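Note: ideal-geometry Cβ built from the backbone for every residue, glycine included; neighbour counts use all protein chains shown. Taken together, the values in this text are just the output of simple stated rules run on the coordinates, not laboratory data.
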Number of protein chains: 4
Amino acid sequence: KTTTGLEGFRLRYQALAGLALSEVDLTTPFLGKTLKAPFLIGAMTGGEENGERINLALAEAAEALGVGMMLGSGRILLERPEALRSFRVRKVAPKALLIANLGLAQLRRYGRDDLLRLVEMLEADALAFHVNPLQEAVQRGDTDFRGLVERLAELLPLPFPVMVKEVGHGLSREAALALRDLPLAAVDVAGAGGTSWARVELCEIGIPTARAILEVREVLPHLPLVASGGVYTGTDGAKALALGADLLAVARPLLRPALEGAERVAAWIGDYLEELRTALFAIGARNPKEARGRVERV
Amino acid sequence: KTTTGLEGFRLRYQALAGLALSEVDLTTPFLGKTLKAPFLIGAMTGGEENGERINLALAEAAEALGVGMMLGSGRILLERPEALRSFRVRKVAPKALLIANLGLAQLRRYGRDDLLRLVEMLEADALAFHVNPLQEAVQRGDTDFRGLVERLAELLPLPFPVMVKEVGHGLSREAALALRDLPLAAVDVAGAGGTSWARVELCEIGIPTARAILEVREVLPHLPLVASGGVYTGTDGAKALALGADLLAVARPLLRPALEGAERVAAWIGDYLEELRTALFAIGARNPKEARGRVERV
Amino acid sequence: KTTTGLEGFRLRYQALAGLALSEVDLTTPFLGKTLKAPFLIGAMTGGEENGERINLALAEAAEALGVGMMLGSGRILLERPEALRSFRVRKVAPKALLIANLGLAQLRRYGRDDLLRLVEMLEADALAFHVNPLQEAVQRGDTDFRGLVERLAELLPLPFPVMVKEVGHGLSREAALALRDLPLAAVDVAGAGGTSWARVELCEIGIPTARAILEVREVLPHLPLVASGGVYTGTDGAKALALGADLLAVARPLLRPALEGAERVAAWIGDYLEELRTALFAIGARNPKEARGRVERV
Amino acid sequence: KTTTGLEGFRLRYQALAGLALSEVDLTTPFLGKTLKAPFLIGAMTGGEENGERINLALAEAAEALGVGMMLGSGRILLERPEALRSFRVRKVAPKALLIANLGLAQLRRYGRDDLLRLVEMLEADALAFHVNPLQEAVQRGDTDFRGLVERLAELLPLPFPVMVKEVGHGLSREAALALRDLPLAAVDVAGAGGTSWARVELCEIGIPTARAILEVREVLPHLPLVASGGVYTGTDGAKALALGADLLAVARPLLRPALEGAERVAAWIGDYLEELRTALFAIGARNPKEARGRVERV
Ligand SMILES: Cc1cc2nc3c(=O)[nH]c(=O)nc-3n(C[C@H](O)[C@H](O)[C@H](O)COP(=O)(O)O)c2cc1C
Ligand SMILES: Cc1cc2nc3c(=O)[nH]c(=O)nc-3n(C[C@H](O)[C@H](O)[C@H](O)COP(=O)(O)O)c2cc1C
Ligand SMILES: Cc1cc2nc3c(=O)[nH]c(=O)nc-3n(C[C@H](O)[C@H](O)[C@H](O)COP(=O)(O)O)c2cc1C
Ligand SMILES: Cc1cc2nc3c(=O)[nH]c(=O)nc-3n(C[C@H](O)[C@H](O)[C@H](O)COP(=O)(O)O)c2cc1C
């Protein structure tokens, strides 16, 4: 019932922009490594049956496409060092940009050494902390979110790039304010409009992705932003970039192809990127950064 | 065809608000007694068959949940002192906050002693006068509403707290103006959007609850306000509170569970409050009062 | 596909207005006689079979309700003095306010004496000229509308009150401008939203009644205005009055009851007026004139 | 899913404008010849089977109605001088205004002499260059659009009038900017809302005709503009003219009648023009130029 808000925007088509489709470059460095496109495979947990199966389809595809990939919560990896193989993905993705995952609420039960061990076990290149009071609140799970930001601030200068994200309910402007002084490497807005890790009566609460991207960019103008949350088409990707994002992330829609092998995942991402490439071209932008502003309301 | 208007508002979700769900306190003193939640069971008459049956289900639940309860018009109690047992509810609700009810149009046929007798017979803690020109007008009932406010003003300083309410068609800003100098204890906006005591072609007339809450708060900034009229979910409750209300009231939806015993009523209110609690938490509010303003348009 | 626009307005319900339904007076003098309500039976031609039958049902009802009545084009009466009995209605409506009708385009084929003869034959109290370039244009009929206003200006000071009206496509503000210096007795806005005498691909052209009432009132603030064109309910009547009208007129919906006798017509008008009376009461207005402004957008 | 935007506008009906339908003159000179109406038959290619068949139905009709006609891309005529008869239409349309067609992207493979030969072979009166990066991009065709405008600027002073057009995706204001200094004879906005030569997931990109007409007129106030792209009714034609256009063009809808002979095409255009004539009349405009501004929003 709640959309991303991107349908309330129009890409500014430029018939006489004078570009050559081949001129558009999607190359975009992120978190230390250089990506072939401003795309990330969203974080996903799912089941322990298909777990390892899915991660390897995504990772392999990611490696082929030169795209980044966020792993699901390594939470269990701390307590169950045996579910290590379920995530170990470097075997099929040796050079890809991998981002470890963990709930920010875990900072009260895990210290620096645990964080280092997690990304080291996974051979990850960065760590993303997800914060989801709403989800954990509705699930009567762990609802104490006090001092987490201050707890991260203490730790923050870490040996690898660190980022923060929501899980489909979005980050508001005052949320970006709370992150303003932290030396983060990036932020994933993860707004409402697509799927909610919580859903998978109160699920009307949340911030539309389009809205989140605008609010967060205003507060953190210089930080690299990841637009995710129902940003399912290359066209929507371009809109997100024009509103202020730097990277796009897709999770849910990738489940289907992930169960049918890397070839299918790779194809999905491929349609999305080629579609993104046409949009930037039609927009007069020669790269993701140039898409900024080339969008209007109504 | 006419909504409360609350769908035109968005709760401002705060992922990084830094609260613990357990930190949100719903305790709110009202009309002399202290409630466990800012909730009231709306006034209802219905039939003489189920009459006593329903009141006792509501009252008992109210007592268990620490919530307030408005009784239906005690009109008949004045003329028929035998329908006394139909309302006598203290038997099952000894400490709850009970609010006697009576049409403001009755002030022309009843004096001070009658008002005192009514709340004393009911062992009520306050008296609420409902004013419904539209309803009585459409029902060709008693349509003379002259001098009622002046009549109440004369009486007003009474031995117990007194309030005024509509019945599903709402109170406008100029209505709040007419109540401005009266020493009332509270006001129930009772707007359009849910059910109309009148309905239960002209029923398009009326003021949307969301609209009424805004208008009345502007005129009576310091007075405690009750938002009612299709405020059926905890989410809608939070929106009402953020727009300016202090208490929520639900009537109609409570009929079903009231006919199936207190256990069912209590469960309904329970879902509503726990749902309200999540919303305040998701909003960054630690209590009803803090919800104020944490809502935006569109 | 095009509405009156009145659905985009909300009557301002006044719970504490302090009126008595019996206090609202609909009496409104118009074109020389005093009406019991600000209502007129719209002009209608139809067929020559039911012609006389319908006029007598309307006229009789009009007489009973103290309402005005506009006759259909007396055009044929000029050329065919035998269709005199088809309109002769005084037999059943001796004191009612009757308004003769004639296309403004006829001023080029008829002079003063013809106009006097027409209203005298009909025993009418006034003459209304309808101007419908669109309708006659679509019907490839007589489309020369040059100098008609100047032609009426020359004649205008007539022995009886004269007015101008459209036929369901509305009068714009610049239209009111063209009528500004004429000594007219009243104007019927007759906008789009209900039925079009033309309809009974281009019928999207026209001005919504709500829109016409606003535009014309702005240009002719002091002149009495008749709101017509899909103003089918008492509620819509009140809205029209609050937007600036002084009288309401309904045509089409009256056909059905007119074929079933005066008793049915009279009943229809009766529901409409009693419904109008409730609305003014709910609005805080004690008469049609006081309804002005008691309406808001959205 | 994307409309022209013309539905968001209302023609300003003028009941008292004082015109005679016969007073409205559609005569409008364009590209050197004088048209009986501000109408052009849009450019269409289609198939090689019906090719010649369709062109002759359109051309013949154009000749009868005194309207202009744009031919499909003469691209093939350059390489295949045998498909000359497929376009040769003067046989049935000796005096009509014919406009040769060619993709602007061809300027990199064709020089002045080739352009002269093309219009001379076709016995055309002007040349229209269509620019469609989006279409060619989605069709993985020729996507290099660099230096085309500068290439045309060099050539531009040609022996005949030259114009530029899109193909159903529209020209933006910055597009008009890129054409600002070129000595063009006219511009065809060809916006989104009707059909896209490309369509015949990314086809949401583009500029609504209504929007394009406004943007382009603002940048090129003095240049004659052609509104096309789902401008299928005379009413829509009038709206386009009131927004700023000078000529209307319809392509797709003309296919059906073109396959059933000139008589059918001629009839279609005939309904459209007579419908356009009524609209200007209803609007108070005595010709296409006077329609300007006689339209409002909402
Ligand atoms: C099955 C499923 C599992 C998920 N697991 C995680 C997880 O472990 N960690 C995390 O930070 N987000 C997780 N998410 C959230 C996504 O990374 C992110 O919120 C995203 O915005 C939702 O997918 P998207 O909008 O394409 O649909 C999960 C989402 C889904 C649907
Ligand atoms: C069956 C029924 C009986 C009611 N009886 C009373 C009554 O005696 N006194 C009163 O002040 N309001 C009465 N109301 C009005 C409600 O207290 C109040 O207007 C409310 O806003 C309508 O319920 P709510 O919006 O949840 O649905 C009654 C409403 C219903 C549906
Ligand atoms: C069958 C029919 C006949 C009409 N005849 C006349 C007529 O003779 N003269 C006139 O001025 N208007 C005539 N009208 C127009 C109405 O008086 C007026 O335009 C009105 O706004 C249309 O009815 P209303 O909106 O309730 O539906 C006629 C309308 C209808 C439907
Ligand atoms: C079958 C078809 C063939 C077309 N061929 C050409 C062409 O050769 N050259 C051109 O410039 N435009 C061509 N167009 C585009 C139209 O001239 C123009 O874009 C128009 O706006 C689309 O038709 P309209 O909106 O009525 O529907 C073609 C369109 C269609 C549907």
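Values computed for the structure shown
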{"item": "Subset of region A:7-36 (residues that are away from chain D (no Cβ under 11 Å), crowded, with 21+ Cβ neighbours inside 10 Å and under 22 Å from residue D:4 (Cα atoms))", "result": "none"}
{"item": "Residues within region C:226-247 that are within 14 Å of chain B (Cβ to nearest Cβ) and acidic (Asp, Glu), tallied", "result": "1"}
{"item": "Some residue of region B:180-188 being among the acidic types (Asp, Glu) and within 16 Å of ligand 2 (Cβ to nearest atom)", "result": "yes"}
{"item": "Top-ranked residue of region A:118-161 - restricted to ones that are aromatic (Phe, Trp, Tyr) and under 22 Å from residue B:13 (Cα atoms), ranked as farthest from the other protein chains (Cβ to nearest Cβ)", "result": "A:129"}
{"item": "Top-ranked residue of region D:248-262 - restricted to ones that are more than 14 Å from every other protein chain (Cβ to nearest Cβ) and in a helix (DSSP H, G or I), ranked as surrounded by the fewest Cβ atoms within 10 Å (Cβ to Cβ)", "result": "D:256"}
{"item": "Condition met for residue C:216 (buried (at least 22 other Cβ atoms within 10 Å of the Cβ), more than 12 Å from ligand 3 (Cβ to nearest atom) and in a strand (DSSP E or B))", "result": "no"}
{"item": "Among residues of region D:260-298, those that are farther than 12 Å from residue D:240 by Cα and of a type in the set (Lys, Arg), counted", "result": "4"}
{"item": "Matching residues in region A:34-48 - criterion: being within 13 Å of ligand 1 (Cβ to nearest atom) and of a type outside the set (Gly, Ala, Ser)", "result": "A:39, A:40, A:41, A:44, A:45, A:48"}
{"item": "When residues of region C:204-213 are limited to those that are in a helix (DSSP H, G or I) and not hydroxyl-bearing (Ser, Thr, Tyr), the one nearest to ligand 3 (Cβ to nearest atom)", "result": "C:212"}
{"item": "Condition check for residue D:229: surrounded by fewer than 22 Cβ atoms within 10 Å (Cβ to Cβ), on the phi > 0 side of the Ramachandran plot and not hydroxyl-bearing (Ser, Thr, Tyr)", "result": "no"}
{"item": "Options C:261, C:293; residue that is away from ligand 2 (no atom under 16 Å from the Cβ) and touching an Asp or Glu at 6+ places or on another chain (Cβ under 9 Å)", "result": "C:261"}
{"item": "Residues that are closer than 19 Å to residue D:207 by Cα and crowded, with 20+ Cβ neighbours inside 10 Å, drawn from region D:116-144", "result": "D:129, D:130, D:131, D:132, D:133, D:134, D:135, D:137, D:138"}
{"item": "Subset of region C:132-168 that is in contact with a strand residue (DSSP E or B) (Cβ under 6 Å, 6 or more places away or on another chain) and under 20 Å from residue C:223 (Cβ atoms) - its residue that is nearest to ligand 1 (Cβ to nearest atom)", "result": "C:167"}
{"item": "Subset tally (residues that are surrounded by fewer than 22 Cβ atoms within 10 Å (Cβ to Cβ), of a type outside the set (A, V, I, L, M) and closer than 25 Å to residue D:237 by Cβ) for region C:174-203", "result": "4"}
{"item": "Residues located in region A:263-291, provided they are assigned to a helix (DSSP H, G or I) and touching a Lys or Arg at 6+ places or on another chain (Cβ under 7 Å)", "result": "A:283"}
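So that you can scan it fast, the table gives a plain yes or no per residue for (1) within 16 Å of ligand 4 (Cβ to nearest atom); (2) within 28 Å of residue D:286 (Cα to Cα); (3) of a type outside the set (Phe, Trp, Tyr); (4) out of contact with any helix residue (DSSP H, G or I) (no Cβ under 6 Å at 6 or more places or on another chain):
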| site | (1), (2), (3), (4) |
| --- | --- |
| C:108 | no, yes, yes, yes |
| C:113 | no, no, yes, yes |
| C:119 | no, no, yes, yes |
| C:140 | no, yes, yes, yes |
| C:144 | no, yes, yes, yes |
| C:147 | no, yes, yes, yes |
| C:178 | no, yes, yes, no |
| C:198 | no, yes, yes, no |
| C:206 | no, yes, yes, yes |
